[PDB]
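Notes follow once the structure below has been shown.
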Amino acid sequence: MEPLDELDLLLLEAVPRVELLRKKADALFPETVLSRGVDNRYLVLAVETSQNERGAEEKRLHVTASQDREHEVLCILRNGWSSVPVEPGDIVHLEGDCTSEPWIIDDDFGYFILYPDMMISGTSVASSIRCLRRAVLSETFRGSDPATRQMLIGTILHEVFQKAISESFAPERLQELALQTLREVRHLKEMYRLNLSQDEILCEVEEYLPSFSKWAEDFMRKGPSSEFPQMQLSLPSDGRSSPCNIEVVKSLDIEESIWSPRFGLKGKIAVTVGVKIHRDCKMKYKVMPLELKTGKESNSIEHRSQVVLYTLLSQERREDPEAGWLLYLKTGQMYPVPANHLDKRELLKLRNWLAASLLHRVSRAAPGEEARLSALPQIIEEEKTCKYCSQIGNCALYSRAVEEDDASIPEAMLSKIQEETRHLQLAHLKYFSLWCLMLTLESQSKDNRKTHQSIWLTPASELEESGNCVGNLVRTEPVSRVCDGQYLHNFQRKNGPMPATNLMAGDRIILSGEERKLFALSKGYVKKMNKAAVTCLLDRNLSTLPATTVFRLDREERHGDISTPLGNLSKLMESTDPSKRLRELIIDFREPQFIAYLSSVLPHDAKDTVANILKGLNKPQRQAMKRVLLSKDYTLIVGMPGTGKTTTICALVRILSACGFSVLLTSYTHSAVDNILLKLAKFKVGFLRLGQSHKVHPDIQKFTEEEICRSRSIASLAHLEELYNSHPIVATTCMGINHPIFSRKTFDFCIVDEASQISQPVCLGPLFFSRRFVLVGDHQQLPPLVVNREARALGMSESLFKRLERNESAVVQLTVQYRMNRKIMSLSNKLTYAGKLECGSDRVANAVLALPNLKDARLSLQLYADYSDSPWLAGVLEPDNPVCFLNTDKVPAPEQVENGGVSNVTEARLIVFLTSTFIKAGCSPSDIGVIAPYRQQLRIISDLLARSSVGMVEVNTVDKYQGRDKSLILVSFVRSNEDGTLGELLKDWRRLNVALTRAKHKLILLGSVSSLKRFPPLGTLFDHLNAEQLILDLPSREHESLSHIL
DNA sequence: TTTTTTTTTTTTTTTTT
Ligand SMILES: Nc1ncnc2c1ncn2[C@@H]1O[C@H](COP(=O)(O)OP(=O)(O)O)[C@@H](O)[C@H]1O
Ligand code: SF4
């Protein structure tokens, strides 16, 4: 902006800006409906301050409830509300009521709810009173508040007390209760984690019991109303002084899980009780929430505030209970906590700053320039609180690795920060900082940012026609118990028919209700589903209102994933000797060491068994076990397609076991880990499988911790612990590193399968618990999926396997392969694997598609088409033509772009035919895989398959094909456009590679050469395919053979 | 701005200074 003139013209002045705000709000909250009434959500447009009185702060907002931008309702935040950090484009809900007329909310009237759809937990809001930063770091680095002894006691006691209040507080019954709950595997596990004594906990717990009876005798006695405890209790309700008498009648509800779209709060009410307030001779019955605390009788603000928040959660279900109860089981002493407006306001005010802090994580610095990690709420000056924080580690850490001539932050702390982080180097800090950025950006991506509006705002019918909102349903079937919070429930619709679609039994589902007052209820998953009935497992027992009721079921989705990675990252930063080792190997790229073979690298006795195992393996394979055995640090086994990695890992494990090594065996997916286990079962090799037995493969479920427990009836810390030390081999998934076993066990070796598909910080997990490790992967196959552009561009898709692969000394390749026949191999050998793949045998090499009745198959088709149009059909069916590309150029085959994904019905129509034929030629549909680049194209191909009544063949994306193979693969490349649009997907060399490597015997490829050639991987394909004349161009859609398919 | 997706769930609290 130079000349006088630039300035003149650069003067603006409302609409395109309003539009960019609507874009902005949908990056954060996609598809917020906007509204009036109870569940309003207005969109902020403008934010200014003014001055009343003289030096008093007012905040002036301009908001709208629908898209027509003229419905601008003005709004003023006074007193404290004035400083709530709203910027334009934010989604707000005024629960200080109104909508009818927002106007003025201030100290005395109205609540302001910044980002309502984002429900923050009351405990977090309570935490923030003392330290916002502490609360935020808790919410994001969730593992760094490790379970303590008091916390266990506390849970144990909570559970007993709820058990009691349903039943009796009779001492013998209380004893019976505590005695029983002390044996529950959940608690056994935590006793195990903290290496405690079962009986020591029993005792510690037992001393509380008397106080349970003291309380019950005081408040639940049933007798004269004079003779209940007597306290002042000023409600809103008119009259609130002069004492009155309190009588707990019954517990109505325990562990009431609640979500509030209204205040953007979530919470779990320990106990809901029926209460009678006796008042002279009159009585008033109120259902109120009770909070239990096993701590010291502090009556602390935290504690009270928790109750105040519980009163709000409650409104979402029933009348505003106006006040609630704080217990303190230690001493039996119940306190009244009244939900004053000042408190409710003060807290929702604070809960705004928290909702803000958690949502504003990454900073532009220049609207559209590269990302930054936003600083957190600053470090408090109250050294009393800091002193024992738990989150201090990360606070000091996040500080150093994201901070700022200035500082000016309590010099008392500045030093402790350094004490905490001096073990670290500049690269370690940079590494940490960057992975948090990447992870954050991924986490915040629009895919993992969709809200619960569908659940509580649109009714069930409209949503059931897609995704998942099955339900306007009923139960009558008695709830079966299974264990703790897993109760079996049964559902069906009232009266007649009713459908199914995206409800694949085993999903994540949220059970809500007909009306808005019964939203949330219980979350859980699905067992099995007949299209008339449906059975799904939940945490809550739902008997309270039977038959009257109707229930909508919905799904879920990720993002909060980042907690395990952030855990791992943060762990890597800890100053322990393992964490140093991994820093050096991973961040500082320290060269891994190997030793020279010598006679006694293996225990003498092991040697015979090893040799026998070795003998059954090809050279590359044998060379891989040698590397592992000679390693001091790590080993990278490159498992190129069909080279037998499952066979190989099993062999390794068998060798390592022979040598008296303990080994933690991991992978990304259950099936991946299970496949290896199955082999190991065959070899009679013992191992313990952690993880939820329902996700475990069936033949493996006998080895599960969960299963062995129920089976052998394990109800003691010694018998559980005996189980844990039962096997030196332990198998779990990378994410399942949160098991208590890893608080106490370490391994000689960690093995990670699919090491190249797992996101780097996740893969990092199992490594903390093992001396040496082995990543098995292949970087030519798919990487960890990184949705977000900017992150992918910062390197987030680099697997740990790849990262570490620059040390060649540690890389051993698996090349002898047993899947593809000489011809098909040759393809990927020329395109990708630089001639490195060899055939397992002549069997594998020379194998061709099994088609026992080609003869009558060929005739039956010619009963509409011609013999002379042999070009394709003859070449296609020909078993001895294993690789074949079909050019959809000369017959128009246009794509259909539909809100993101692309399809091609012509191509779909075309391949469905080819499928029918191949089954009819004698090839079992079992042995058939269909692949397509685009998810959308899968639908279409699936449809036309039920249309032609052939549905056993599996249509799926390359991804859902990793590591699996079929006898025949057919690929619809679905791209076919004029000379423009050219998606990112086909540019990817790795997705292509996987497609050309799924087939054993016959590989058939289908797309428009014309537009496909402009994708480098495909261009290069077409070259090798032309050289061998394996592309065969098609007739027009008019020709004798095609016309009958269109 | 170009569409590819598995895991872990009691993920809300259990205390303490
Ligand atoms: N050293 C070997 N000798 C003979 N056959 C092998 C060898 N390694 C792998 N195979 C064969 O390769 C096939 C693939 O191995 P497997 O581990 O079952 O699945 P994948 O290799 O696809 O994980 C198996 O049927 C197995 O018989
Ligand atoms: S350590 Fe002190 S500052 Fe850092 S978070 Fe915990 S409380 Fe807030």
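Residue numbering in chain A adheres to Swiss-Prot, whereby the residues present occupy positions 1-13, 20-245, 248-412, 415-1056 in order.
Note that Cβ sites are derived from N, Cα and C of the backbone, with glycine treated the same way.
Within 10 Å of the C-beta of A:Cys394 ([4Fe-4S] cluster binding site) there are 21 other C-beta atoms, taking all protein chains into account. For A:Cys137, A:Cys394, A:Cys397, A:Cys403, the entry in Swiss-Prot reads [4Fe-4S] cluster binding site.
Among the features that Swiss-Prot reports, ATP binding site is placed at A:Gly649, A:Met650, A:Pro651, A:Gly652, A:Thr653, A:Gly654, A:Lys655, A:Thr656, with the record citing sequence analysis. Same-chain residues at least 6 positions away in sequence with a Cβ under 8 Å from that of A:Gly654 (ATP binding site) are, in sequence order, A:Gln631, A:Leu824, A:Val826, A:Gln827, A:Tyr828.
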For A:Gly649 (ATP binding site), the three-state class that DSSP assigns: strand
Surrounding CB atoms that lie within 10 Å of the CB of A:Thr656 (ATP binding site), all protein chains: 17
Å between C-alpha atoms of A:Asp415 and A:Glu412, the residues bounding 2 unmodelled positions: 7
Flanking Cα pair A:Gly245 / A:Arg248, between which 2 residues have no modelled coordinates, distance in Å: 6
Through-space Cα separation in Å, A:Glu13-A:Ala20, 6-residue segment unmodelled: 7
Cβ contacts of A:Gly652 (ATP binding site) (under 8 Å, same chain, 6 or more positions away): A:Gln827, A:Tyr828, A:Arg829, A:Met830, A:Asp975, A:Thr1007
Additional residues surrounding ATP, by Cβ distance to the A:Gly649, A:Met650, A:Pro651, A:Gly652, A:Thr653, A:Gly654, A:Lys655, A:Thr656 centre under 8 Å: A:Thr658, A:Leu824, A:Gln827, A:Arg829
Sorted by sequence, non-A:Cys137, A:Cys394, A:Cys397, A:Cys403 residues with Cβ within 8 Å of centre, [4Fe-4S] cluster: A:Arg139, A:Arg140, A:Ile387, A:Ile388, A:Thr393, A:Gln399, A:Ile400
For A:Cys403 ([4Fe-4S] cluster binding site): DSSP state (helix, strand, coil): helix
Residue pair A:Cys403 ([4Fe-4S] cluster binding site), A:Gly649 (ATP binding site) - Cα distance, angstrom, rounded: 41
